[PDB]
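Structure first, commentary second.
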Amino acid sequence: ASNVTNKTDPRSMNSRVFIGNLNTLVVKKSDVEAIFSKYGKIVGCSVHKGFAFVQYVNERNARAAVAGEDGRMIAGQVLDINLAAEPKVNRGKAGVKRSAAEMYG
RNA sequence: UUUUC
């Protein structure tokens, strides 16, 4: 997919997914487009330090990946995934107040 | 943990 993910259009930033709390030491922009492509058709993807971004054809595909990968385990570390335009409550270094393990036991 | 020498 394309390396572009920073579009600010009133639909392109809602068809985007923010992937915070990412390990980034074992996952790259050539892997996110193979792990998030199962929840929607990716039209762009980028990875950074501690976070990544994925761009879909529409917001529906973003809701499927935010609900399909948030709290999944990558590189042995849980991810914190959310829409790129509707952040939950917190972002920096934290964003979960649950057991973060209720899906593994 | 909000964006690509």
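Residue numbering restarts at 1 in every chain; chains get A, B, ... in the order shown in the structure tokens, and ligands count up from 1 in that same order.
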query: Using only C-alpha atoms (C1' of nucleotides), which residues sit within 12 Å of residue A:36 once same-chain residues fewer than 4 positions away are excluded, as a ChimeraX atom specification?
result: /A:1,16-19,27,29-32,40-46,52-56,61-70,72,81
Residues as selected, N, CA and C atoms, written as an mmCIF file, in the first residue's frame, can you do that?
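The file below, out04.cif, is the result:
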data_model
loop_
_atom_site.group_PDB
_atom_site.id
_atom_site.type_symbol
_atom_site.label_atom_id
_atom_site.label_comp_id
_atom_site.auth_asym_id
_atom_site.auth_seq_id
_atom_site.Cartn_x
_atom_site.Cartn_y
_atom_site.Cartn_z
ATOM 1 N N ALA A 1 0.836 -1.214 0.000
ATOM 2 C CA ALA A 1 0.000 0.000 0.000
ATOM 3 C C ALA A 1 0.866 1.257 0.000
ATOM 4 N N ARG A 16 -9.292 6.147 8.542
ATOM 5 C CA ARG A 16 -7.954 5.862 9.038
ATOM 6 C C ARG A 16 -8.034 5.263 10.436
ATOM 7 N N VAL A 17 -7.025 4.469 10.801
ATOM 8 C CA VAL A 17 -6.929 3.853 12.113
ATOM 9 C C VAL A 17 -5.583 4.176 12.746
ATOM 10 N N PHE A 18 -5.630 4.641 13.995
ATOM 11 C CA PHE A 18 -4.453 4.906 14.806
ATOM 12 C C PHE A 18 -4.081 3.644 15.579
ATOM 13 N N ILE A 19 -2.802 3.260 15.534
ATOM 14 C CA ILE A 19 -2.294 2.081 16.222
ATOM 15 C C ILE A 19 -1.210 2.533 17.189
ATOM 16 N N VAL A 27 7.329 -5.231 14.204
ATOM 17 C CA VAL A 27 6.307 -4.945 13.203
ATOM 18 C C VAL A 27 6.669 -3.686 12.421
ATOM 19 N N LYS A 29 5.809 -1.337 8.436
ATOM 20 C CA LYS A 29 4.787 -0.928 7.479
ATOM 21 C C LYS A 29 4.578 -1.960 6.369
ATOM 22 N N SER A 30 5.414 -3.000 6.342
ATOM 23 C CA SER A 30 5.278 -4.110 5.413
ATOM 24 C C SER A 30 4.584 -5.294 6.089
ATOM 25 N N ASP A 31 4.213 -5.139 7.364
ATOM 26 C CA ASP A 31 3.549 -6.169 8.146
ATOM 27 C C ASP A 31 2.155 -5.711 8.570
ATOM 28 N N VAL A 32 1.989 -4.415 8.842
ATOM 29 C CA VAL A 32 0.693 -3.872 9.231
ATOM 30 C C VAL A 32 -0.283 -4.022 8.066
ATOM 31 N N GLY A 40 -10.075 -4.810 6.404
ATOM 32 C CA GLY A 40 -10.468 -3.907 5.336
ATOM 33 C C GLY A 40 -9.377 -3.761 4.286
ATOM 34 N N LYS A 41 -9.756 -3.274 3.103
ATOM 35 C CA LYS A 41 -8.826 -3.025 2.018
ATOM 36 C C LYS A 41 -7.994 -1.794 2.351
ATOM 37 N N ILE A 42 -6.688 -1.996 2.541
ATOM 38 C CA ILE A 42 -5.784 -0.916 2.903
ATOM 39 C C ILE A 42 -5.354 -0.169 1.646
ATOM 40 N N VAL A 43 -5.478 1.163 1.675
ATOM 41 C CA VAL A 43 -5.093 2.024 0.561
ATOM 42 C C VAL A 43 -3.838 2.821 0.909
ATOM 43 N N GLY A 44 -3.371 2.692 2.156
ATOM 44 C CA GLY A 44 -2.156 3.336 2.624
ATOM 45 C C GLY A 44 -1.823 2.849 4.027
ATOM 46 N N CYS A 45 -0.534 2.772 4.349
ATOM 47 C CA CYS A 45 -0.082 2.337 5.658
ATOM 48 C C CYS A 45 1.271 2.962 5.975
ATOM 49 N N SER A 46 1.496 3.268 7.253
ATOM 50 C CA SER A 46 2.757 3.815 7.717
ATOM 51 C C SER A 46 3.018 3.367 9.148
ATOM 52 N N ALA A 52 1.615 3.419 14.734
ATOM 53 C CA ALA A 52 1.451 3.209 13.304
ATOM 54 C C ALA A 52 0.088 3.729 12.847
ATOM 55 N N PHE A 53 -0.124 3.777 11.531
ATOM 56 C CA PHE A 53 -1.367 4.230 10.929
ATOM 57 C C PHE A 53 -1.752 3.328 9.759
ATOM 58 N N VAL A 54 -3.060 3.135 9.570
ATOM 59 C CA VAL A 54 -3.610 2.344 8.478
ATOM 60 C C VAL A 54 -4.770 3.102 7.859
ATOM 61 N N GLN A 55 -4.830 3.117 6.527
ATOM 62 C CA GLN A 55 -5.836 3.855 5.791
ATOM 63 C C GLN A 55 -6.709 2.878 5.012
ATOM 64 N N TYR A 56 -8.029 2.988 5.164
ATOM 65 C CA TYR A 56 -8.988 2.125 4.493
ATOM 66 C C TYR A 56 -9.789 2.904 3.457
ATOM 67 N N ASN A 61 -14.516 0.157 7.414
ATOM 68 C CA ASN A 61 -13.356 -0.710 7.513
ATOM 69 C C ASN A 61 -12.495 -0.330 8.713
ATOM 70 N N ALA A 62 -12.563 0.933 9.141
ATOM 71 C CA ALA A 62 -11.812 1.394 10.297
ATOM 72 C C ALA A 62 -12.461 0.883 11.580
ATOM 73 N N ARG A 63 -13.794 0.798 11.601
ATOM 74 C CA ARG A 63 -14.513 0.292 12.769
ATOM 75 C C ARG A 63 -14.262 -1.204 12.937
ATOM 76 N N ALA A 64 -13.978 -1.907 11.835
ATOM 77 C CA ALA A 64 -13.748 -3.341 11.889
ATOM 78 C C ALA A 64 -12.341 -3.647 12.401
ATOM 79 N N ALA A 65 -11.369 -2.781 12.095
ATOM 80 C CA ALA A 65 -10.002 -2.989 12.544
ATOM 81 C C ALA A 65 -9.794 -2.471 13.967
ATOM 82 N N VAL A 66 -10.471 -1.381 14.334
ATOM 83 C CA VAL A 66 -10.423 -0.857 15.693
ATOM 84 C C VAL A 66 -11.056 -1.853 16.658
ATOM 85 N N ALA A 67 -12.052 -2.615 16.199
ATOM 86 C CA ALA A 67 -12.688 -3.625 17.033
ATOM 87 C C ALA A 67 -12.082 -5.014 16.820
ATOM 88 N N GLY A 68 -11.223 -5.178 15.808
ATOM 89 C CA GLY A 68 -10.620 -6.467 15.492
ATOM 90 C C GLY A 68 -9.176 -6.613 15.975
ATOM 91 N N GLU A 69 -8.512 -5.513 16.348
ATOM 92 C CA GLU A 69 -7.094 -5.537 16.699
ATOM 93 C C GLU A 69 -6.805 -4.797 18.005
ATOM 94 N N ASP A 70 -7.696 -3.918 18.464
ATOM 95 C CA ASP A 70 -7.470 -3.224 19.722
ATOM 96 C C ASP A 70 -7.390 -4.240 20.862
ATOM 97 N N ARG A 72 -5.201 -6.677 20.898
ATOM 98 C CA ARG A 72 -4.560 -7.864 20.363
ATOM 99 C C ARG A 72 -3.118 -7.836 20.848
ATOM 100 N N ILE A 81 -5.557 0.495 19.867
ATOM 101 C CA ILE A 81 -5.976 0.925 18.540
ATOM 102 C C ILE A 81 -7.298 1.678 18.627
#
I'd like a table as a Markdown table: residues in chain A with an atom no more than 7 Å from chain B, each row giving the shortest atom pair and its distance in Å to one decimal, only C-alpha atoms (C1' of nucleotides) counted, sorted by chain and rising residue number.
| residue | atom | partner | partner_atom | distance |
| --- | --- | --- | --- | --- |
| A:3 | CA | B:4 | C1' | 6.0 |
| A:4 | CA | B:4 | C1' | 6.4 |
| A:5 | CA | B:3 | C1' | 6.5 |
| A:6 | CA | B:3 | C1' | 5.2 |
| A:18 | CA | B:2 | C1' | 6.8 |
| A:20 | CA | B:1 | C1' | 3.8 |
| A:21 | CA | B:1 | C1' | 4.8 |
| A:46 | CA | B:4 | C1' | 6.4 |
| A:50 | CA | B:1 | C1' | 6.3 |
| A:51 | CA | B:1 | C1' | 5.8 |
| A:84 | CA | B:2 | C1' | 6.7 |
| A:91 | CA | B:1 | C1' | 5.4 |
| A:92 | CA | B:1 | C1' | 5.1 |
| A:93 | CA | B:1 | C1' | 5.8 |
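Of note, atom CA of residue A:73 and atom CA of residue A:26 are spaced 12.1 Å apart.
What separates atom CA of residue A:102 from atom CA of residue A:38 is a distance of 23.0 Å.
Nearest-residue note for residue A:99: choosing from A:13, A:78, A:25, A:85, the minimum distance belongs to A:78, counting only C-alpha atoms.
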query: Using the chain letters and numbers from this document, which residues of chain A does DSSP assign to strand (DSSP E or B), as a PyMOL selection string?
result: chain A and resi 2+16-20+42-47+52-56+73-74+77-78+80-83
